[PDB]
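Structural overview for review
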Amino acid sequence: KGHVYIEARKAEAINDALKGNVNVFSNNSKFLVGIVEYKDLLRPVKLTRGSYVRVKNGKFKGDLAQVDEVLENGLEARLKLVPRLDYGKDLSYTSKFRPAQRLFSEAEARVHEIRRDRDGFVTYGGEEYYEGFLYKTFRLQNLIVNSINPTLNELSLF
DNA sequence: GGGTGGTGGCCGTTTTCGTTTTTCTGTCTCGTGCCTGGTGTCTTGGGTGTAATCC
């Protein structure tokens, strides 16, 4: 970030390539690059099913999960979460007023608030609930699969 | 119903160039004293002076 490279053959060529630009610090702060480093400036640079992942988007941010099914297009990956639902207690959400999490129990939703499709698979307000676990189409940008440090609650649960 | 979009949330973040008194501290060209290698001055004695005559 903040570093811009221009491939020229003379210093004044770089000067005029960066001249006439207001998005450039007025200083001519330019440094040469070693032969080995030339290719190092253009180097471009772990998502598996059953991989423990966390969410960062919308209301369910910061919730660990399991990647369930990846779409053929390669942009959206299904997740297995522990729902955070209110059972119609205050329906008449964000990432700061959210109550705690708990696996879907069909009995509670039936008693308080529901189209049963298969055994354990419940479609509730556009949400997929398999065996009490939250299923929804999560965009790959919304999820973290690398560098996840499991917490105490995850050891207790996972 | 579903496409387009203001939106509230979330998320993380910088850059046009536009005064006063002292003591202590660290450089500073500048100077001086030194020094050593080419050189300085002495003085003896024999050659280079000199002088006549031969032949």
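In what follows, the accompanying structure is described.

The rules we used
- Residues numbered from 1 in each chain as written, not as in the entry; some residues may be left out.
- Chains lettered and ligands numbered in written order.
- Part of a larger assembly, values for the part shown.
- Heavy atoms only, no water.
- Pairing = 2+ DSSP bridges.
- Helix = DSSP H or I, 4+ residues; strand = E, 2+ residues; numbered from the N terminus.
- Patch = residues over 30% accessible without salt bridge, like charges linked within 9 Å, V, L, I, M, F, W, Y side chains within 5 Å.
- Areas by Shrake-Rupley, 256 points an atom, 1.4 Å probe, with all protein chains shown as cover.
- Salt bridge = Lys/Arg side-chain N within 4 Å of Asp/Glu carboxyl O.
- Buried < 20%, exposed > 50% of the residue type's maximum accessible area, 1.4 Å probe, protein only.
- Near = heavy atom within 4 Å.
- Polar contact = N/O pair within 3.5 Å; in protein donor to acceptor, adjacent residues only side chain to side chain.
- Nonpolar A, V, L, I, M, F, W, Y, C, P; charged D, E, K, R; others polar.
- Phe/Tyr/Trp six-rings, centres within 6.5 Å; stacked < 30°, edge-to-face > 60°.
- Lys NZ or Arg CZ within 6 Å of the ring centre and 35° of its normal.
- Contact = heavy atoms within 4.5 Å.

Taken in spatial order, the 8 strands line up as β4-β5-β6-β7-β3-β2-β1-β8 in an open sheet, and their pairing is antiparallel. Looking at strand neighbours, the two that pair on one side only are β4 (115-118) and β8 (143-144), the edges of this open sheet. Note that strand β1 (residues 52-55) and β8 share 2 bridges and pair antiparallel. Along β8, the bridge assignment pairs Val55 with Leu143.

Right, let's talk about a nonpolar patch on the surface for a bit. Among the surface-exposed residues, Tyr5, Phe31, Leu41 and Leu42 lie close enough to one another that they form a single nonpolar patch of about 460 Å² accessible area. When you line up the elements, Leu41 lands in the loop between α2 (35-40) and β1. The class for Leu41 is partly exposed, based on a relative accessible area of 36%.

Residues in contact with DNA strand B, as listed here, are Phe25, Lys56, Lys61, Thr94 and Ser95. A distance of 3.3 Å separates a phosphate oxygen of DNA strand B from a polar backbone atom of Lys56. In this structure, a phosphate oxygen belonging to DNA strand B sits 2.3 Å away from a side-chain N or O atom of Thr94. The residue inventory of the surface near DNA strand B, partitioned by class, reads 1 nonpolar, 2 polar and 2 charged.

Counted under the stated rule, the structure contains 8 salt bridges. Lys39 is paired through a salt bridge with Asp40; the nearest N and O atoms lie 2.8 Å apart. The partly exposed category is assigned to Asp40, whose relative accessible area is 37%. A salt bridge links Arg102 to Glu108, with the shortest nitrogen-to-oxygen separation between them at 3.7 Å.

Let's shift gears to the packing of aromatic side chains. Counted by the stated rule, this structure contains 6 aromatic pairs. The interplanar angle of 45° and the centroid separation of 4.0 Å between the aromatic rings of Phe104 and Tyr129 together place this pair among those described as tilted. For the pair shown, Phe104 and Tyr129 are each scored as buried. In this structure an aromatic cluster arises from ring pairing among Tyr87, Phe104, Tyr124 and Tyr129. Above the plane of the ring of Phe133 lies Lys80, whose end atom (NZ or CZ) is 4.0 Å from the centre.

A few words on the environment of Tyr93. Take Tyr93: it is sitting in the loop between β3 (76-81) and α3 (106-112). Setting aside residues no more than four positions away along its own chain, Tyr93 makes contact with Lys59, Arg84 and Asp86. A polar side-chain atom of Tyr93 sits 2.8 Å from a polar atom in the side chain of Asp86. At a separation of 2.3 Å, a polar atom in the side chain of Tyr93 contacts the side chain of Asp90.

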